[PDB]
>>> print(open('protein.cif').read())   # mmCIF, C-alpha atoms and all ligand atoms
data_entry
#
loop_
_atom_site.group_PDB
_atom_site.id
_atom_site.type_symbol
_atom_site.label_atom_id
_atom_site.label_comp_id
_atom_site.auth_asym_id
_atom_site.auth_seq_id
_atom_site.Cartn_x
_atom_site.Cartn_y
_atom_site.Cartn_z
ATOM 1 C CA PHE A 62 -26.140 -0.891 -6.151
ATOM 2 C CA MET A 63 -25.053 -0.493 -2.522
ATOM 3 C CA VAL A 64 -27.462 -2.029 0.006
ATOM 4 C CA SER A 65 -28.272 -0.283 3.287
ATOM 5 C CA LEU A 66 -26.227 -0.770 6.447
ATOM 6 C CA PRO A 67 -27.996 -2.381 9.417
ATOM 7 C CA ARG A 68 -28.651 -0.630 12.721
ATOM 8 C CA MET A 69 -25.312 -0.095 14.477
ATOM 9 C CA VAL A 70 -24.425 1.274 17.912
ATOM 10 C CA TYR A 71 -21.196 3.256 18.159
ATOM 11 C CA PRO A 72 -19.847 6.558 19.570
ATOM 12 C CA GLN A 73 -21.303 9.624 17.866
ATOM 13 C CA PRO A 74 -18.696 11.449 15.781
ATOM 14 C CA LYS A 75 -18.062 14.903 17.220
ATOM 15 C CA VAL A 76 -18.015 17.752 14.716
ATOM 16 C CA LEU A 77 -16.196 20.123 17.076
ATOM 17 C CA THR A 78 -13.602 17.595 18.217
ATOM 18 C CA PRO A 79 -10.787 16.915 15.744
ATOM 19 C CA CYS A 80 -9.919 13.289 15.050
ATOM 20 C CA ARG A 81 -6.183 13.767 15.521
ATOM 21 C CA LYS A 82 -4.584 17.103 16.405
ATOM 22 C CA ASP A 83 -1.032 15.898 15.832
ATOM 23 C CA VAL A 84 -1.283 14.862 12.177
ATOM 24 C CA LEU A 85 -2.839 15.774 8.827
ATOM 25 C CA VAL A 86 -5.781 13.424 8.200
ATOM 26 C CA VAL A 87 -6.891 14.679 4.769
ATOM 27 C CA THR A 88 -4.879 15.794 1.737
ATOM 28 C CA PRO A 89 -5.397 19.076 -0.163
ATOM 29 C CA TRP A 90 -7.336 17.090 -2.782
ATOM 30 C CA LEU A 91 -9.637 15.682 -0.092
ATOM 31 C CA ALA A 92 -8.170 12.193 0.120
ATOM 32 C CA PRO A 93 -8.179 10.657 3.600
ATOM 33 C CA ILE A 94 -4.769 9.998 5.154
ATOM 34 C CA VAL A 95 -5.236 6.795 7.132
ATOM 35 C CA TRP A 96 -4.116 6.927 10.773
ATOM 36 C CA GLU A 97 -5.317 4.962 13.790
ATOM 37 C CA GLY A 98 -8.276 6.803 15.309
ATOM 38 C CA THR A 99 -9.609 8.215 12.039
ATOM 39 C CA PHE A 100 -11.831 5.249 11.196
ATOM 40 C CA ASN A 101 -14.472 3.022 12.758
ATOM 41 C CA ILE A 102 -13.528 -0.391 11.385
ATOM 42 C CA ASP A 103 -16.960 -1.828 12.180
ATOM 43 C CA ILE A 104 -18.657 0.606 9.806
ATOM 44 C CA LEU A 105 -16.068 0.035 7.071
ATOM 45 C CA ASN A 106 -16.175 -3.761 7.454
ATOM 46 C CA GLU A 107 -19.944 -3.633 6.980
ATOM 47 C CA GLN A 108 -19.679 -1.481 3.881
ATOM 48 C CA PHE A 109 -17.128 -3.718 2.173
ATOM 49 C CA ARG A 110 -18.631 -7.043 3.253
ATOM 50 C CA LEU A 111 -22.017 -5.975 1.900
ATOM 51 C CA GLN A 112 -20.219 -5.663 -1.434
ATOM 52 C CA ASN A 113 -18.615 -9.113 -1.099
ATOM 53 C CA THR A 114 -15.238 -7.463 -1.652
ATOM 54 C CA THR A 115 -12.309 -9.626 -2.749
ATOM 55 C CA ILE A 116 -8.791 -8.319 -2.153
ATOM 56 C CA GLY A 117 -5.813 -9.552 -4.118
ATOM 57 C CA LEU A 118 -2.416 -9.338 -2.427
ATOM 58 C CA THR A 119 0.579 -9.620 -4.739
ATOM 59 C CA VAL A 120 4.185 -10.278 -3.763
ATOM 60 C CA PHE A 121 7.303 -11.106 -5.732
ATOM 61 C CA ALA A 122 9.635 -13.618 -4.118
ATOM 62 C CA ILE A 123 12.779 -14.209 -6.170
ATOM 63 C CA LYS A 124 15.980 -16.030 -5.221
ATOM 64 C CA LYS A 125 16.755 -15.821 -1.491
ATOM 65 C CA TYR A 126 13.580 -13.801 -0.900
ATOM 66 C CA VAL A 127 11.473 -16.963 -0.949
ATOM 67 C CA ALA A 128 12.733 -17.423 2.605
ATOM 68 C CA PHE A 129 10.482 -14.558 3.736
ATOM 69 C CA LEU A 130 7.236 -16.082 2.455
ATOM 70 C CA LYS A 131 6.388 -18.157 5.536
ATOM 71 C CA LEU A 132 6.404 -15.265 8.017
ATOM 72 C CA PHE A 133 4.808 -12.909 5.505
ATOM 73 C CA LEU A 134 1.886 -15.239 4.773
ATOM 74 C CA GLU A 135 1.453 -16.432 8.367
ATOM 75 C CA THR A 136 1.202 -12.881 9.695
ATOM 76 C CA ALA A 137 -1.015 -11.812 6.791
ATOM 77 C CA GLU A 138 -3.390 -14.563 7.893
ATOM 78 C CA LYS A 139 -3.562 -12.961 11.329
ATOM 79 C CA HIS A 140 -3.801 -9.305 10.312
ATOM 80 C CA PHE A 141 -4.644 -8.785 6.642
ATOM 81 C CA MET A 142 -8.279 -8.279 5.651
ATOM 82 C CA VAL A 143 -9.481 -10.888 8.143
ATOM 83 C CA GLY A 144 -13.154 -11.570 7.507
ATOM 84 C CA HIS A 145 -12.978 -10.660 3.826
ATOM 85 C CA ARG A 146 -12.187 -12.684 0.696
ATOM 86 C CA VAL A 147 -8.438 -12.669 0.029
ATOM 87 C CA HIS A 148 -6.498 -14.059 -2.907
ATOM 88 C CA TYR A 149 -2.718 -14.164 -2.520
ATOM 89 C CA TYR A 150 -0.648 -14.093 -5.708
ATOM 90 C CA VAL A 151 2.935 -15.216 -5.183
ATOM 91 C CA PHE A 152 5.218 -14.556 -8.156
ATOM 92 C CA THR A 153 8.369 -16.625 -7.791
ATOM 93 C CA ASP A 154 11.148 -18.394 -9.667
ATOM 94 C CA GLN A 155 10.961 -21.249 -7.153
ATOM 95 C CA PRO A 156 7.357 -22.586 -7.067
ATOM 96 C CA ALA A 157 8.372 -25.685 -5.109
ATOM 97 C CA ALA A 158 9.959 -23.436 -2.476
ATOM 98 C CA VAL A 159 6.706 -21.705 -1.524
ATOM 99 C CA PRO A 160 5.837 -22.750 2.062
ATOM 100 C CA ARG A 161 2.637 -24.646 2.842
ATOM 101 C CA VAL A 162 0.810 -22.011 4.893
ATOM 102 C CA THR A 163 -2.542 -22.818 6.498
ATOM 103 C CA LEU A 164 -5.176 -20.326 5.341
ATOM 104 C CA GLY A 165 -8.450 -19.232 6.886
ATOM 105 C CA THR A 166 -11.740 -19.839 5.095
ATOM 106 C CA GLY A 167 -12.416 -17.649 2.063
ATOM 107 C CA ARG A 168 -8.722 -17.122 1.426
ATOM 108 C CA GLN A 169 -6.669 -18.690 -1.345
ATOM 109 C CA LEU A 170 -3.158 -18.587 -2.714
ATOM 110 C CA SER A 171 -1.958 -18.897 -6.297
ATOM 111 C CA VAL A 172 1.671 -19.469 -7.219
ATOM 112 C CA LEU A 173 2.764 -17.877 -10.493
ATOM 113 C CA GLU A 174 6.176 -18.881 -11.814
ATOM 114 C CA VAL A 175 8.235 -16.135 -13.437
ATOM 115 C CA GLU A 197 -3.038 -9.942 -16.423
ATOM 116 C CA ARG A 198 -6.742 -9.880 -17.289
ATOM 117 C CA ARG A 199 -7.002 -12.659 -14.703
ATOM 118 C CA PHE A 200 -6.952 -9.994 -11.979
ATOM 119 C CA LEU A 201 -9.983 -8.190 -13.415
ATOM 120 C CA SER A 202 -12.175 -11.272 -13.071
ATOM 121 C CA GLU A 203 -10.810 -12.543 -9.759
ATOM 122 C CA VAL A 204 -10.448 -9.568 -7.425
ATOM 123 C CA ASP A 205 -11.904 -6.114 -6.788
ATOM 124 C CA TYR A 206 -8.749 -4.527 -5.389
ATOM 125 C CA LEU A 207 -5.049 -5.197 -5.762
ATOM 126 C CA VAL A 208 -2.561 -4.556 -2.962
ATOM 127 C CA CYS A 209 1.092 -4.698 -3.980
ATOM 128 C CA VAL A 210 3.732 -5.175 -1.271
ATOM 129 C CA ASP A 211 7.289 -6.407 -0.679
ATOM 130 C CA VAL A 212 7.745 -9.888 0.787
ATOM 131 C CA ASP A 213 10.560 -9.177 3.272
ATOM 132 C CA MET A 214 7.989 -7.802 5.706
ATOM 133 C CA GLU A 215 5.602 -9.011 8.388
ATOM 134 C CA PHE A 216 2.206 -7.870 9.591
ATOM 135 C CA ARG A 217 2.125 -6.931 13.272
ATOM 136 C CA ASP A 218 -1.311 -5.343 13.516
ATOM 137 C CA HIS A 219 -4.563 -4.727 11.645
ATOM 138 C CA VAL A 220 -4.347 -3.898 7.925
ATOM 139 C CA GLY A 221 -7.904 -3.910 6.659
ATOM 140 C CA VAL A 222 -10.513 -2.393 4.381
ATOM 141 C CA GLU A 223 -9.743 1.109 5.641
ATOM 142 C CA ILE A 224 -7.023 1.155 2.954
ATOM 143 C CA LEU A 225 -9.291 0.203 0.032
ATOM 144 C CA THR A 226 -10.006 2.924 -2.523
ATOM 145 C CA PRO A 227 -9.482 3.421 -6.280
ATOM 146 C CA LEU A 228 -5.800 4.329 -5.842
ATOM 147 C CA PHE A 229 -3.578 4.577 -2.771
ATOM 148 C CA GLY A 230 0.038 5.273 -1.920
ATOM 149 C CA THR A 231 1.857 4.940 1.428
ATOM 150 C CA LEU A 232 4.042 7.560 3.115
ATOM 151 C CA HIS A 233 7.678 6.426 3.136
ATOM 152 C CA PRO A 234 8.695 6.075 6.820
ATOM 153 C CA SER A 235 11.929 8.021 6.325
ATOM 154 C CA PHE A 236 10.335 11.127 4.783
ATOM 155 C CA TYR A 237 6.902 11.726 6.290
ATOM 156 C CA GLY A 238 8.213 14.716 8.234
ATOM 157 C CA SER A 239 10.569 15.983 5.534
ATOM 158 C CA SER A 240 10.237 19.034 3.295
ATOM 159 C CA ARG A 241 9.778 18.338 -0.424
ATOM 160 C CA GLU A 242 13.264 19.565 -1.320
ATOM 161 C CA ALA A 243 14.637 16.721 0.820
ATOM 162 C CA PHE A 244 12.532 14.071 -0.948
ATOM 163 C CA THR A 245 14.738 11.696 -2.942
ATOM 164 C CA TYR A 246 12.744 12.176 -6.157
ATOM 165 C CA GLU A 247 14.519 11.779 -9.487
ATOM 166 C CA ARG A 248 15.970 15.257 -10.075
ATOM 167 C CA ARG A 249 17.415 14.893 -13.582
ATOM 168 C CA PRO A 250 15.163 16.462 -16.280
ATOM 169 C CA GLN A 251 16.334 13.764 -18.701
ATOM 170 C CA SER A 252 14.327 11.169 -16.762
ATOM 171 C CA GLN A 253 10.592 10.587 -17.164
ATOM 172 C CA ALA A 254 10.420 10.371 -13.360
ATOM 173 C CA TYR A 255 11.754 13.927 -13.003
ATOM 174 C CA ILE A 256 10.208 16.109 -10.284
ATOM 175 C CA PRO A 257 11.651 19.596 -9.610
ATOM 176 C CA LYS A 258 12.370 21.026 -6.154
ATOM 177 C CA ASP A 259 9.167 23.094 -6.100
ATOM 178 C CA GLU A 260 6.838 20.159 -6.781
ATOM 179 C CA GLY A 261 5.697 17.180 -4.741
ATOM 180 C CA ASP A 262 3.104 16.356 -2.103
ATOM 181 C CA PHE A 263 4.677 13.389 -0.322
ATOM 182 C CA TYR A 264 7.348 10.771 -0.847
ATOM 183 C CA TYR A 265 5.561 7.446 -1.302
ATOM 184 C CA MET A 266 7.369 4.145 -0.764
ATOM 185 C CA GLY A 267 7.205 1.600 -3.564
ATOM 186 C CA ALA A 268 6.813 -1.212 -1.044
ATOM 187 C CA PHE A 269 3.079 -0.717 -0.451
ATOM 188 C CA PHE A 270 0.573 0.626 -2.986
ATOM 189 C CA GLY A 271 -2.695 -0.493 -4.535
ATOM 190 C CA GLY A 272 -6.265 0.311 -5.474
ATOM 191 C CA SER A 273 -8.866 -1.038 -7.890
ATOM 192 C CA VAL A 274 -7.536 -3.531 -10.432
ATOM 193 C CA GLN A 275 -8.141 -0.962 -13.179
ATOM 194 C CA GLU A 276 -6.194 1.810 -11.424
ATOM 195 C CA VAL A 277 -3.319 -0.462 -10.397
ATOM 196 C CA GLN A 278 -2.962 -1.719 -13.951
ATOM 197 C CA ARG A 279 -3.040 1.853 -15.263
ATOM 198 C CA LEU A 280 -0.265 2.745 -12.819
ATOM 199 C CA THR A 281 1.964 -0.235 -13.609
ATOM 200 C CA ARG A 282 1.436 0.304 -17.339
ATOM 201 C CA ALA A 283 2.477 3.961 -17.065
ATOM 202 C CA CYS A 284 5.482 3.070 -14.919
ATOM 203 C CA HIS A 285 6.580 0.335 -17.329
ATOM 204 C CA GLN A 286 6.355 2.635 -20.346
ATOM 205 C CA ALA A 287 8.179 5.486 -18.596
ATOM 206 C CA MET A 288 11.004 3.151 -17.591
ATOM 207 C CA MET A 289 11.325 1.838 -21.145
ATOM 208 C CA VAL A 290 11.697 5.439 -22.302
ATOM 209 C CA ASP A 291 14.411 6.141 -19.729
ATOM 210 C CA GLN A 292 16.239 2.965 -20.754
ATOM 211 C CA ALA A 293 16.185 4.050 -24.399
ATOM 212 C CA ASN A 294 17.523 7.431 -23.300
ATOM 213 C CA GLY A 295 20.299 5.724 -21.365
ATOM 214 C CA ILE A 296 19.120 6.745 -17.904
ATOM 215 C CA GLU A 297 17.945 4.921 -14.769
ATOM 216 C CA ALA A 298 15.889 6.728 -12.115
ATOM 217 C CA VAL A 299 17.671 7.218 -8.790
ATOM 218 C CA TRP A 300 15.294 4.878 -6.968
ATOM 219 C CA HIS A 301 14.054 2.888 -9.947
ATOM 220 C CA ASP A 302 10.352 1.979 -9.918
ATOM 221 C CA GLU A 303 9.797 3.981 -6.726
ATOM 222 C CA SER A 304 10.904 7.139 -8.516
ATOM 223 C CA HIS A 305 8.343 6.507 -11.243
ATOM 224 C CA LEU A 306 5.641 5.636 -8.704
ATOM 225 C CA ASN A 307 6.192 9.035 -7.109
ATOM 226 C CA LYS A 308 5.989 10.791 -10.472
ATOM 227 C CA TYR A 309 2.750 8.945 -11.240
ATOM 228 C CA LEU A 310 1.121 9.737 -7.903
ATOM 229 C CA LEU A 311 2.177 13.366 -8.233
ATOM 230 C CA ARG A 312 0.248 13.684 -11.520
ATOM 231 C CA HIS A 313 -2.545 11.241 -10.578
ATOM 232 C CA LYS A 314 -3.478 12.026 -6.966
ATOM 233 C CA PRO A 315 -4.215 8.941 -4.864
ATOM 234 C CA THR A 316 -7.733 8.730 -3.413
ATOM 235 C CA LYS A 317 -6.319 7.623 -0.027
ATOM 236 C CA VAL A 318 -2.835 7.900 1.466
ATOM 237 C CA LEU A 319 -1.673 5.444 4.121
ATOM 238 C CA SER A 320 0.289 6.700 7.131
ATOM 239 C CA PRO A 321 3.691 5.210 8.088
ATOM 240 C CA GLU A 322 1.749 2.900 10.410
ATOM 241 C CA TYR A 323 1.456 0.801 7.253
ATOM 242 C CA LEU A 324 5.148 0.686 6.339
ATOM 243 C CA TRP A 325 7.599 0.893 9.223
ATOM 244 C CA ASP A 326 11.088 -0.180 10.302
ATOM 245 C CA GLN A 327 11.233 -0.216 14.098
ATOM 246 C CA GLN A 328 14.896 -1.220 14.173
ATOM 247 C CA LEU A 329 15.849 1.849 12.146
ATOM 248 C CA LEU A 330 13.161 4.283 13.330
ATOM 249 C CA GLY A 331 11.962 3.119 16.746
ATOM 250 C CA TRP A 332 8.355 3.715 17.816
ATOM 251 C CA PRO A 333 7.371 7.428 17.701
ATOM 252 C CA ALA A 334 4.378 8.626 19.718
ATOM 253 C CA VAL A 335 2.695 9.685 16.477
ATOM 254 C CA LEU A 336 2.327 5.984 15.610
ATOM 255 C CA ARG A 337 -0.376 4.393 17.751
ATOM 256 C CA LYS A 338 0.084 1.131 15.881
ATOM 257 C CA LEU A 339 2.852 -0.538 13.876
ATOM 258 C CA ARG A 340 0.932 -2.605 11.322
ATOM 259 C CA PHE A 341 3.329 -3.721 8.570
ATOM 260 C CA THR A 342 7.077 -3.717 9.217
ATOM 261 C CA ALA A 343 10.467 -4.674 7.821
ATOM 262 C CA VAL A 344 11.901 -7.985 9.018
ATOM 263 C CA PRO A 345 15.012 -7.487 11.198
HETATM 264 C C1 LIG B 1 16.775 8.819 7.374
HETATM 265 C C2 LIG B 1 17.275 8.156 6.089
HETATM 266 O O1 LIG B 1 17.654 8.833 5.133
HETATM 267 N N1 LIG B 1 17.268 6.826 6.105
HETATM 268 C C3 LIG B 1 17.722 6.020 4.963
HETATM 269 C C4 LIG B 1 16.525 5.283 4.357
HETATM 270 O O2 LIG B 1 15.623 6.233 3.784
HETATM 271 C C5 LIG B 1 16.989 4.310 3.271
HETATM 272 O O3 LIG B 1 15.867 3.560 2.782
HETATM 273 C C6 LIG B 1 15.851 3.589 1.348
HETATM 274 O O4 LIG B 1 15.199 4.790 0.898
HETATM 275 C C7 LIG B 1 15.192 4.897 -0.536
HETATM 276 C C8 LIG B 1 14.586 6.240 -0.950
HETATM 277 O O5 LIG B 1 15.361 7.306 -0.398
HETATM 278 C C9 LIG B 1 14.383 3.743 -1.135
HETATM 279 O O6 LIG B 1 13.035 3.812 -0.665
HETATM 280 C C10 LIG B 1 14.996 2.412 -0.692
HETATM 281 O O7 LIG B 1 14.176 1.333 -1.147
HETATM 282 C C11 LIG B 1 15.087 2.367 0.835
HETATM 283 O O8 LIG B 1 15.748 1.168 1.249
HETATM 284 C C12 LIG B 1 18.050 3.383 3.847
HETATM 285 C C13 LIG B 1 18.562 2.420 2.773
HETATM 286 O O9 LIG B 1 19.169 3.158 1.709
HETATM 287 O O10 LIG B 1 19.154 4.146 4.364
HETATM 288 C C14 LIG B 1 18.770 5.013 5.446
HETATM 289 O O11 LIG B 1 18.236 4.240 6.525
HETATM 290 CL CL CL B 2 4.964 -4.570 -5.179
HETATM 291 HG HG HG B 3 -11.272 10.610 15.165
HETATM 292 HG HG HG B 4 0.522 -5.570 -8.084
HETATM 293 HG HG HG B 5 7.964 -0.322 -13.709
HETATM 294 HG HG HG B 6 5.195 2.261 -10.603
#
>>> encode(input="protein.cif", output="structure tokens")
Amino acid sequence: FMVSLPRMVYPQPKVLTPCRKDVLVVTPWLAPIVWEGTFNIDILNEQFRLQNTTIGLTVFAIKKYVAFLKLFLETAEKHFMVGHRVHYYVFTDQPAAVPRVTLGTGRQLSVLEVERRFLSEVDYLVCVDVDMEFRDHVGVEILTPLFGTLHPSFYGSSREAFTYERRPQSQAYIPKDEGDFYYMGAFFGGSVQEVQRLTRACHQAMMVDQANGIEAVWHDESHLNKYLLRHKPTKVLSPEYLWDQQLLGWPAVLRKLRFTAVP
């Protein structure tokens, strides 16, 4: 049951005025492609808050990567799902090395040393790399059953240029005439159920490749792309959500740089 929204005052959407004229804002399977200017965050915040939405954010920090946790968590506190319930899950081999980061109310962090726990604790799972930092708003506009993010190095590339696994012997194989986008494995998510279905499929496909003596060109990312090709994501995030300013600068097509690589 979804309760009614309250009275809200905002600019009337204009049917005869395109949102963005420089980019594709919806996929051929009618999934929104999230760019700045396509959403009214006030309306979305209302919708998700009325549902008491809890977002889980998972990150793996192994070896030297534990050094990136402080900046990652501190910036997440400033830009990630602010106003909503957030549960951070830090998977690490160095529990005592996790920094003591001050969290806002309604946000918690669990350290798992390296399940069904996710199903009873959060509504959505967001899986990202730790050697990153939030620089701008990353909110409920990304929440949906299953989402992938456009890799910043291929959003303007033709499918034949995509670095998909091209060997038929691999379960992640995608021929030159197939493919919608090249998604980056550093930022994906969705409902707990869909994320677990994805990781389960990826894990099984990789086990098969291993038994066949083959390793996908870009490992898990290759399998993620194969999965999202056959199971279309319900939302696709623009490169605003996964950028590298040092390597790619700041193109006009990006009104905001929200989540970036750490120089
Ligand atoms: C323009 C260009 O080709 N730049 C490349 C980056 O794409 C590349 O980033 C890697 O990309 C692969 C997939 O092709 C994986 O996503 C990998 O995780 C990325 O690091 C970098 C690093 O190889 O090299 C150039 O910058
Ligand atoms: Cl991840
Ligand atoms: Hg718009
Ligand atoms: Hg995850
Ligand atoms: Hg995997
Ligand atoms: Hg995967």
>>> resolve_selection(input="protein.cif", expression="the PyMOL selection byres (((not hetatm)) within 7 of (chain B and resi 1))", output="PDB file with C-alpha atoms, in the frame of the given file")
ATOM      1  CA  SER A 235      11.929   8.021   6.325  1.00  0.00           C
ATOM      2  CA  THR A 245      14.738  11.696  -2.942  1.00  0.00           C
ATOM      3  CA  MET A 266       7.369   4.145  -0.764  1.00  0.00           C
ATOM      4  CA  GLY A 267       7.205   1.600  -3.564  1.00  0.00           C
ATOM      5  CA  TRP A 300      15.294   4.878  -6.968  1.00  0.00           C
ATOM      6  CA  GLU A 303       9.797   3.981  -6.726  1.00  0.00           C
ATOM      7  CA  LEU A 329      15.849   1.849  12.146  1.00  0.00           C
TER       8      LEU A 329
END
>>> residues_near_ligand(input="protein.cif", ligand="ligand HG 6 (chain B)", cutoff="6 Å", atoms="all atoms listed in the file", output="count of residues only")
6
>>> resolve_selection(input="protein.cif", expression="the PyMOL selection byres (((chain A and resi 339) around 6) and not hetatm)", output="count of residues only")
3
>>> residues_around(input="protein.cif", residues="residue 222 in chain A", least_positions_apart="3", cutoff="7 Å", atoms="all atoms listed in the file", output="PyMOL selection string")
chain A and resi 105-106+142+225
>>> residues_near_ligand(input="protein.cif", ligand="ligand HG 5 (chain B)", cutoff="12 Å", atoms="only C-alpha atoms and all ligand atoms", output="NGL selection string")
:A and (253-254 or 267 or 277-292 or 297-298 or 300-309)
>>> write_last_selection(input="protein.cif", atoms="C-alpha atoms", output="compact mmCIF listing (two decimals), in the coordinates of the input")
# COMPACT_ATOMS: atom_id res chain seq x y z
CA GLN A 253 10.59 10.59 -17.16
CA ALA A 254 10.42 10.37 -13.36
CA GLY A 267 7.20 1.60 -3.56
CA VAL A 277 -3.32 -0.46 -10.40
CA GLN A 278 -2.96 -1.72 -13.95
CA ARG A 279 -3.04 1.85 -15.26
CA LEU A 280 -0.26 2.74 -12.82
CA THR A 281 1.96 -0.24 -13.61
CA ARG A 282 1.44 0.30 -17.34
CA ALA A 283 2.48 3.96 -17.07
CA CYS A 284 5.48 3.07 -14.92
CA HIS A 285 6.58 0.34 -17.33
CA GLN A 286 6.36 2.64 -20.35
CA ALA A 287 8.18 5.49 -18.60
CA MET A 288 11.00 3.15 -17.59
CA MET A 289 11.32 1.84 -21.14
CA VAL A 290 11.70 5.44 -22.30
CA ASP A 291 14.41 6.14 -19.73
CA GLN A 292 16.24 2.96 -20.75
CA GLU A 297 17.94 4.92 -14.77
CA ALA A 298 15.89 6.73 -12.12
CA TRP A 300 15.29 4.88 -6.97
CA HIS A 301 14.05 2.89 -9.95
CA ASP A 302 10.35 1.98 -9.92
CA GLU A 303 9.80 3.98 -6.73
CA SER A 304 10.90 7.14 -8.52
CA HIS A 305 8.34 6.51 -11.24
CA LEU A 306 5.64 5.64 -8.70
CA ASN A 307 6.19 9.04 -7.11
CA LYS A 308 5.99 10.79 -10.47
CA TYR A 309 2.75 8.94 -11.24
>>> atom_distance(input="protein.cif", atom1="CA of residue 167 in chain A", atom2="CA of residue 114 in chain A")
11.2 Å
>>> residues_around(input="protein.cif", residues="residue 111 in chain A", least_positions_apart="2", cutoff="12 Å", atoms="only C-alpha atoms", output="ChimeraX atom specification")
/A:62-67,104-109,113-115,144-146
>>> closest_residue(input="protein.cif", among="A:213, A:205, A:259, A:218", to="residue 127 in chain A", atoms="only C-alpha atoms")
A:213
>>> atom_distance(input="protein.cif", atom1="CA of residue 211 in chain A", atom2="CA of residue 250 in chain A")
28.8 Å
>>> closest_atom_pairs(input="protein.cif", of="chain A", to="ligand HG 4 (chain B)", cutoff="12 Å", atoms="all atoms listed in the file", output="Markdown table")
| residue | atom | partner | partner_atom | distance |
| --- | --- | --- | --- | --- |
| A:116 | CA | B:HG4 | HG | 11.4 |
| A:117 | CA | B:HG4 | HG | 8.5 |
| A:118 | CA | B:HG4 | HG | 7.4 |
| A:119 | CA | B:HG4 | HG | 5.3 |
| A:120 | CA | B:HG4 | HG | 7.4 |
| A:121 | CA | B:HG4 | HG | 9.1 |
| A:149 | CA | B:HG4 | HG | 10.7 |
| A:150 | CA | B:HG4 | HG | 8.9 |
| A:151 | CA | B:HG4 | HG | 10.4 |
| A:152 | CA | B:HG4 | HG | 10.1 |
| A:197 | CA | B:HG4 | HG | 10.1 |
| A:200 | CA | B:HG4 | HG | 9.5 |
| A:204 | CA | B:HG4 | HG | 11.7 |
| A:206 | CA | B:HG4 | HG | 9.7 |
| A:207 | CA | B:HG4 | HG | 6.0 |
| A:208 | CA | B:HG4 | HG | 6.1 |
| A:209 | CA | B:HG4 | HG | 4.2 |
| A:210 | CA | B:HG4 | HG | 7.5 |
| A:211 | CA | B:HG4 | HG | 10.1 |
| A:228 | CA | B:HG4 | HG | 12.0 |
| A:267 | CA | B:HG4 | HG | 10.8 |
| A:268 | CA | B:HG4 | HG | 10.4 |
| A:269 | CA | B:HG4 | HG | 9.4 |
| A:270 | CA | B:HG4 | HG | 8.0 |
| A:271 | CA | B:HG4 | HG | 7.0 |
| A:272 | CA | B:HG4 | HG | 9.4 |
| A:273 | CA | B:HG4 | HG | 10.4 |
| A:274 | CA | B:HG4 | HG | 8.6 |
| A:275 | CA | B:HG4 | HG | 11.1 |
| A:276 | CA | B:HG4 | HG | 10.5 |
| A:277 | CA | B:HG4 | HG | 6.8 |
| A:278 | CA | B:HG4 | HG | 7.8 |
| A:279 | CA | B:HG4 | HG | 10.9 |
| A:280 | CA | B:HG4 | HG | 9.6 |
| A:281 | CA | B:HG4 | HG | 7.8 |
| A:282 | CA | B:HG4 | HG | 11.0 |
>>> write_last_selection(input="protein.cif", atoms="C-alpha atoms", output="short mmCIF file (atom, residue, chain, number, x, y, z; two decimals), in the coordinates of the input")
data_model
loop_
_atom_site.label_atom_id
_atom_site.label_comp_id
_atom_site.auth_asym_id
_atom_site.auth_seq_id
_atom_site.Cartn_x
_atom_site.Cartn_y
_atom_site.Cartn_z
CA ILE A 116 -8.79 -8.32 -2.15
CA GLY A 117 -5.81 -9.55 -4.12
CA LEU A 118 -2.42 -9.34 -2.43
CA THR A 119 0.58 -9.62 -4.74
CA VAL A 120 4.18 -10.28 -3.76
CA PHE A 121 7.30 -11.11 -5.73
CA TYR A 149 -2.72 -14.16 -2.52
CA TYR A 150 -0.65 -14.09 -5.71
CA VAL A 151 2.94 -15.22 -5.18
CA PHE A 152 5.22 -14.56 -8.16
CA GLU A 197 -3.04 -9.94 -16.42
CA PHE A 200 -6.95 -9.99 -11.98
CA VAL A 204 -10.45 -9.57 -7.42
CA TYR A 206 -8.75 -4.53 -5.39
CA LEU A 207 -5.05 -5.20 -5.76
CA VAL A 208 -2.56 -4.56 -2.96
CA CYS A 209 1.09 -4.70 -3.98
CA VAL A 210 3.73 -5.18 -1.27
CA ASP A 211 7.29 -6.41 -0.68
CA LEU A 228 -5.80 4.33 -5.84
CA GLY A 267 7.20 1.60 -3.56
CA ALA A 268 6.81 -1.21 -1.04
CA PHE A 269 3.08 -0.72 -0.45
CA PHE A 270 0.57 0.63 -2.99
CA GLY A 271 -2.70 -0.49 -4.54
CA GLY A 272 -6.26 0.31 -5.47
CA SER A 273 -8.87 -1.04 -7.89
CA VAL A 274 -7.54 -3.53 -10.43
CA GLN A 275 -8.14 -0.96 -13.18
CA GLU A 276 -6.19 1.81 -11.42
CA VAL A 277 -3.32 -0.46 -10.40
CA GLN A 278 -2.96 -1.72 -13.95
CA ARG A 279 -3.04 1.85 -15.26
CA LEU A 280 -0.26 2.74 -12.82
CA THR A 281 1.96 -0.24 -13.61
CA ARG A 282 1.44 0.30 -17.34
#
>>> residues_near_ligand(input="protein.cif", ligand="ligand HG 3 (chain B)", cutoff="10 Å", atoms="all atoms listed in the file", output="tab-separated table (two decimals) with C-alpha atoms, in the frame of the given file")
chain	number	residue	atom	x	y	z
A	74	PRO	CA	-18.70	11.45	15.78
A	75	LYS	CA	-18.06	14.90	17.22
A	76	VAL	CA	-18.02	17.75	14.72
A	78	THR	CA	-13.60	17.60	18.22
A	79	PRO	CA	-10.79	16.92	15.74
A	80	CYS	CA	-9.92	13.29	15.05
A	81	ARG	CA	-6.18	13.77	15.52
A	82	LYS	CA	-4.58	17.10	16.40
A	86	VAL	CA	-5.78	13.42	8.20
A	96	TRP	CA	-4.12	6.93	10.77
A	97	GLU	CA	-5.32	4.96	13.79
A	98	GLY	CA	-8.28	6.80	15.31
A	99	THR	CA	-9.61	8.22	12.04
A	100	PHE	CA	-11.83	5.25	11.20
A	101	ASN	CA	-14.47	3.02	12.76
